[PDB]
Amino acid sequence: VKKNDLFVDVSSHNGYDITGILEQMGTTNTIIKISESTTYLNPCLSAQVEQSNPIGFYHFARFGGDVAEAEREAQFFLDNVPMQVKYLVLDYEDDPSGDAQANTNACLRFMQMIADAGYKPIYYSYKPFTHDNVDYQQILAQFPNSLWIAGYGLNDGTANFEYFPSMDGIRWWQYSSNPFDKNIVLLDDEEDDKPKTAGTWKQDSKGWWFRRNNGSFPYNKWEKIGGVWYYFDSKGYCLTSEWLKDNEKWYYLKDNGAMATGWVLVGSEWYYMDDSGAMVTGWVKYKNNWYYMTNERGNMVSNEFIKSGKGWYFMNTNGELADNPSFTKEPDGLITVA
């Protein structure tokens, strides 16, 4: 998954049929509960898996601060993972021992075993519970950006950045449980490896071109190099700091030729590109601020509204906010948090 992608998490509480909530949510991405303690298994697992695209599975911890118990729970969990997924989640939110360090050590052992089995570990919980029972910084020290924190605020079913859990290393945010657990991704999955490199970059007066291993080079086309997309002109030089409409969609090649994805500042205007690099029109919220963007006839426009208090203020591209809010009732656009 990538920044701002959505996913639903379920357990037996959601039943043997979750097609409905996946339709509502608008995604098939899921993190399904497999086990609890060393003796419980979610009976709806196989059905929920069959009906979705799991990106991970979670375990409800009952080991408190007992490392030995944590190890047995992790193995039970592992022994029941039904298919390969990138992530395995440790849901630590109940039965904490009175000793926060012991709690931390138990959680660390649990996560270490998940990593040893070839998966990416995740620590799931609530901020106040985490604040009172573990030293989350010790967890991030061993497992960077591995947090999945729940914080609903009004819990009205929508993502309201105003109540975003403030903590370091948050990978995913469970922003509501109304009517079902809803989550938004804050960071792209890690890919840290060794870029294949199918050629060598060459720079000169005119710019950068790419000499493929066989001596040829891309031109008049898109081409992924080192995991990044670039568009090369008819002469083989990749475009830089430039808009490009291709197949009825607008893309932006940044100063380094890299295709823009997510939010991107062009000049002094903010635009949002989907994971495919294609520009998104209309209302898109970036954290607390709203943007209405259009590209009618190639005329790129970004209307910015900065939040202040309970209102959103229009900002003329000549950096000047109106004296009064343009709106207090947010539009129903795309909500992004990163």
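Numbers follow the displayed sequence, beginning with 1.
Engineer: Should the higher mean CA B-factor in the entry be assigned to 272 to 280 or to 30 to 38?
Structural biologist: Averaged over C-alpha atoms, the B-factors run higher in 272 to 280.
Engineer: Mind pulling up the entry and telling me whether 93 to 101 or 191 to 199 has the higher mean Cα temperature factor?
Structural biologist: Comparing 93 to 101 with 191 to 199, the higher mean C-alpha B-factor belongs to 191 to 199.
Engineer: Between 164, 148, 76, 119, which one tops the list for C-alpha B-factor in the PDB entry?
Structural biologist: In the PDB entry, the greatest C-alpha B-factor among 164, 148, 76, 119 is found at 164.
Engineer: Among 289, 48, 303, 299, which residue carries the highest C-alpha B-factor recorded in the PDB entry?
Structural biologist: Answer, based on the entry's C-alpha B-factors: 299.
Engineer: Please place residue 88 in the lowest, middle or highest third of its chain by C-alpha B factor as given in the entry.
Structural biologist: Residue 88: CA B-factor falls in the lowest third of its chain.
Engineer: Going by the entry, which third of its chain does the Cα temperature factor of residue 65 land in?
Structural biologist: Its C-alpha B-factor belongs to the middle third of this chain's values.
Engineer: Pull the Cα B-factor of residue 328 out of the PDB entry and bin it into the chain's lowest, middle or highest third.
Structural biologist: Within its chain, residue 328 is a middle-third residue by C-alpha B-factor, going by the deposited values.
Engineer: Ranking the modelled residues of this chain by C-alpha B-factor as given in the entry, is residue 260 in the lowest, middle or highest third?
Structural biologist: Within its chain, residue 260 is a middle-third residue by C-alpha B-factor, going by the deposited values.
Engineer: What third of the chain, by the recorded C-alpha B-factor, contains residue 178?
Structural biologist: Middle third by C-alpha B-factor.
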